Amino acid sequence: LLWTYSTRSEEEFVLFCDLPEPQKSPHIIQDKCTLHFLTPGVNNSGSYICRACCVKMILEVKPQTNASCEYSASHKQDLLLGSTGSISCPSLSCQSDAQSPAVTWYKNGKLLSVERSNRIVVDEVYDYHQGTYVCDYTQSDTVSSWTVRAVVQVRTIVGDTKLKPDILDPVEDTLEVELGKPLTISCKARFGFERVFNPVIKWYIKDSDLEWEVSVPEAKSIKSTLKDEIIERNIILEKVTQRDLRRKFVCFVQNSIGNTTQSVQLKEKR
């Protein structure tokens, strides 16, 4: 069995052991006898053995010159939760689907008997539809009728948010502080999921028209879920003094929708 891999700017690949009885079932990762190849180029090509019964695999790699069509499928695909989605084979997208050229699909190793077309059309998408999808099809030449393997990674995602972010911490518009002591105020903000995500979380200091920008320290994603993302960024005062009372410390946060601010006025515990 000889499989071909037509690489580009960014992709992935796998080679699983095929045998009559599912008895059990290098810098590149290995899991459940299914050896995976990450970021190769022109290197990862040749014969690979797995084991009396011996599963022979003669891999081949070559770079793709250019896309045969305008709407050439991605190797990273997104299925919206609760709607109708499709998992199209990148290696067979530009030919559309005149007649399915013997397409076999594999979701996380397991074969998909029903799906044999250029596309897997998922009627109603649920979280479990997520996974590594491998579309295989045989293409003949002079003597060898080698198979073509393409690996599409699909994720189940919720539609992009229609809401601006939320400042979790701080809440109170004031703060009891003792002068001559250090202070580190923390800004915690929750960001609704977006396909293209460019969040903003920064502190700034203002005294009427006067404004000072804080750049250090770096922001930190504390939690990332399906619906939201929490990022945190501190402000450090090595020694709070009388001047730090004349001004307000405002945390700024913004996503593709808009911005929300929480300004804290410092007061002494006294």
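Each residue number is its position in the shown sequence, starting from 1.
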| property | result |
| --- | --- |
| Continuity check for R51 and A52, given as deposited residues lacking coordinates between them | 10 or more |
| Unresolved deposited residues in the interval that joins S25 and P26 | 10 or more |
| Entry-level comparison of average CA B-factors, 70 to 78 and 176 to 184, reporting the higher stretch | 70 to 78 |
| Entry-level comparison of average CA B-factors, 53 to 61 and 202 to 210, reporting the higher stretch | 53 to 61 |
| Top Cα B factor in the deposited entry, candidates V158, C89, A98, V121 | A98 |
| Highest recorded Cα temperature factor - choice among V196, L168, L112, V143 | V143 |
| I235 - Cα temperature factor, lowest/middle/highest third of chain | lowest |
| Ranked against its chain, the third holding the CA B-factor of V151 | middle |
| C94 CA temperature factor, ranked by third within the chain | highest |
| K32 - Cα temperature factor, lowest/middle/highest third of chain | highest |
| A219 by Cα B-factor - lowest, middle or highest third of the modelled chain | lowest |
